[PDB]
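Single-structure report; data block below.
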Amino acid sequence: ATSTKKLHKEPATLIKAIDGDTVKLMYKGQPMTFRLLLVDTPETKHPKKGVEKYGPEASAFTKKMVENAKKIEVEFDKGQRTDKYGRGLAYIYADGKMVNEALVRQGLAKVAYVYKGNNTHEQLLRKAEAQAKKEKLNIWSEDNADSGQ
């Protein structure tokens, strides 16, 4: 299959969901704090209006997928392998489902952009964002932007 997406699936086991977009997984037999590619999850911000504290929601959704997954896989992109603090920046599958998408598809994330290179599914995340926007999901239930949502 000829594709722009010439990446590589790799195994990970859930150790500890750190954030909505940061997760310690076992990779190659060692714990590493992974980073959800193309994902922008909110921290525990304001409990009123705007970009609310949709952090536990995001984190627990990520956590959900990763704890629920018996198989977590990752796929390192062509940009970078490490983000934030050198977290492991990669595509992430949880029981085969894409965490990144699912987080931004849930309305617990926005489409980010990490590094020039790793954005091979950014289209999908922006689409999932916009999907969550159009349906108005979690963050998108807020008037934080209202310029696409």
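We name chains A, B, ... following the order of the structure tokens; residues begin at 1 in each chain, and ligands are numbered from 1 as shown.
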Residues of segment 54-114 of chain A at most 9 Å from segment 132-149 of chain A: nearest atom pair and distance in Å, only C-alpha atoms, as a Markdown table:
```
| residue | atom | partner | partner_atom | distance |
| --- | --- | --- | --- | --- |
| A:54 | CA | A:139 | CA | 6.9 |
| A:57 | CA | A:138 | CA | 8.6 |
| A:104 | CA | A:132 | CA | 7.3 |
| A:105 | CA | A:132 | CA | 5.6 |
| A:106 | CA | A:137 | CA | 6.2 |
| A:107 | CA | A:137 | CA | 4.5 |
| A:108 | CA | A:139 | CA | 6.2 |
| A:109 | CA | A:139 | CA | 7.6 |
| A:110 | CA | A:139 | CA | 8.7 |
```
Restrict the selected residues to C-alpha atoms and save them as a CSV table (one decimal), in the first residue's frame.
```
chain,number,residue,atom,x,y,z
A,54,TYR,CA,-12.1,19.7,30.5
A,57,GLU,CA,-12.7,14.5,31.0
A,104,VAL,CA,-10.3,15.5,19.4
A,105,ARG,CA,-13.4,13.7,18.2
A,106,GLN,CA,-14.8,13.7,21.7
A,107,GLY,CA,-14.4,17.4,22.0
A,108,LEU,CA,-11.7,17.0,24.6
A,109,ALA,CA,-9.0,18.2,22.3
A,110,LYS,CA,-8.4,20.5,19.5
```
Sel. of strand (DSSP E or B) residues, chain A, as a PDB file with C-alpha atoms, in the first residue's frame:
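As a result, result.pdb now contains:
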```
ATOM      1  CA  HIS A   8       5.459   2.304  11.922  1.00  0.00           C
ATOM      2  CA  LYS A   9       3.221   0.699  14.477  1.00  0.00           C
ATOM      3  CA  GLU A  10       4.879  -0.153  17.736  1.00  0.00           C
ATOM      4  CA  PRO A  11       3.558  -1.690  20.942  1.00  0.00           C
ATOM      5  CA  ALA A  12       2.802   0.136  24.128  1.00  0.00           C
ATOM      6  CA  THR A  13       1.260  -0.937  27.379  1.00  0.00           C
ATOM      7  CA  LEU A  14      -0.628   1.406  29.673  1.00  0.00           C
ATOM      8  CA  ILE A  15       1.275   2.522  32.677  1.00  0.00           C
ATOM      9  CA  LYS A  16      -0.281   5.859  33.621  1.00  0.00           C
ATOM     10  CA  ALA A  17      -2.411   8.410  31.833  1.00  0.00           C
ATOM     11  CA  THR A  22       0.167  12.824  27.781  1.00  0.00           C
ATOM     12  CA  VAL A  23       0.351   9.130  28.766  1.00  0.00           C
ATOM     13  CA  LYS A  24       2.992   6.874  30.241  1.00  0.00           C
ATOM     14  CA  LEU A  25       3.057   3.778  28.305  1.00  0.00           C
ATOM     15  CA  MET A  26       5.423   0.882  28.238  1.00  0.00           C
ATOM     16  CA  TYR A  27       7.250   0.920  25.089  1.00  0.00           C
ATOM     17  CA  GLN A  30      10.370   0.653  29.186  1.00  0.00           C
ATOM     18  CA  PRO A  31       7.997   3.354  30.549  1.00  0.00           C
ATOM     19  CA  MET A  32       7.762   6.482  28.505  1.00  0.00           C
ATOM     20  CA  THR A  33       5.517   9.400  28.719  1.00  0.00           C
ATOM     21  CA  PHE A  34       3.847   9.553  25.358  1.00  0.00           C
ATOM     22  CA  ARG A  35       2.295  12.508  23.715  1.00  0.00           C
ATOM     23  CA  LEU A  36      -0.778  12.404  21.590  1.00  0.00           C
ATOM     24  CA  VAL A  39      -3.688  16.906  19.908  1.00  0.00           C
ATOM     25  CA  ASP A  40      -4.370  19.900  22.070  1.00  0.00           C
ATOM     26  CA  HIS A  46     -11.773  27.767  34.414  1.00  0.00           C
ATOM     27  CA  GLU A  52     -13.161  25.023  30.779  1.00  0.00           C
ATOM     28  CA  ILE A  72      -1.912   0.011  22.843  1.00  0.00           C
ATOM     29  CA  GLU A  73       0.112   0.772  19.871  1.00  0.00           C
ATOM     30  CA  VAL A  74       1.825   3.709  18.701  1.00  0.00           C
ATOM     31  CA  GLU A  75       3.130   4.882  15.475  1.00  0.00           C
ATOM     32  CA  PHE A  76       5.925   7.285  15.463  1.00  0.00           C
ATOM     33  CA  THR A  82       9.500  13.349  21.395  1.00  0.00           C
ATOM     34  CA  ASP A  83       7.430  16.556  22.405  1.00  0.00           C
ATOM     35  CA  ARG A  87       7.480  12.984  25.739  1.00  0.00           C
ATOM     36  CA  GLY A  88       6.847  10.474  23.061  1.00  0.00           C
ATOM     37  CA  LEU A  89       5.251  12.071  20.350  1.00  0.00           C
ATOM     38  CA  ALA A  90       3.542   9.579  18.124  1.00  0.00           C
ATOM     39  CA  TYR A  91       0.334   8.339  16.716  1.00  0.00           C
ATOM     40  CA  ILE A  92      -1.466   6.337  19.327  1.00  0.00           C
ATOM     41  CA  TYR A  93      -3.818   3.433  19.044  1.00  0.00           C
ATOM     42  CA  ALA A  94      -5.702   2.034  21.951  1.00  0.00           C
ATOM     43  CA  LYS A  97      -8.559   2.931  18.030  1.00  0.00           C
ATOM     44  CA  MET A  98      -6.847   6.238  17.493  1.00  0.00           C
ATOM     45  CA  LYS A 110      -8.377  20.519  19.520  1.00  0.00           C
ATOM     46  CA  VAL A 111      -6.228  19.935  16.541  1.00  0.00           C
ATOM     47  CA  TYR A 115       6.440  19.870  14.528  1.00  0.00           C
ATOM     48  CA  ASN A 118       4.200  15.225  12.254  1.00  0.00           C
TER      49      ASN A 118
END
```
Just to confirm, what's the straight-line distance from atom CA of residue 18 of chain A to atom CA of residue 6 of chain A in Å (one decimal)? 28.1 Å
Could you write out, as a PyMOL selection string, all the residues of segment 38-145 of chain A that DSSP marks as alpha helix (DSSP H)? chain A and resi 55-68+99-106+122-135
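Between atom CA of residue 41 of chain A and atom CA of residue 131 of chain A lies a distance of 15.9 Å.
You will find atom CA of residue 45 of chain A at 24.8 Å from atom CA of residue 122 of chain A.
With distances taken over only C-alpha atoms, A:114 is the one residue among A:66, A:1, A:114, A:124 lying closest to residue 81 of chain A.
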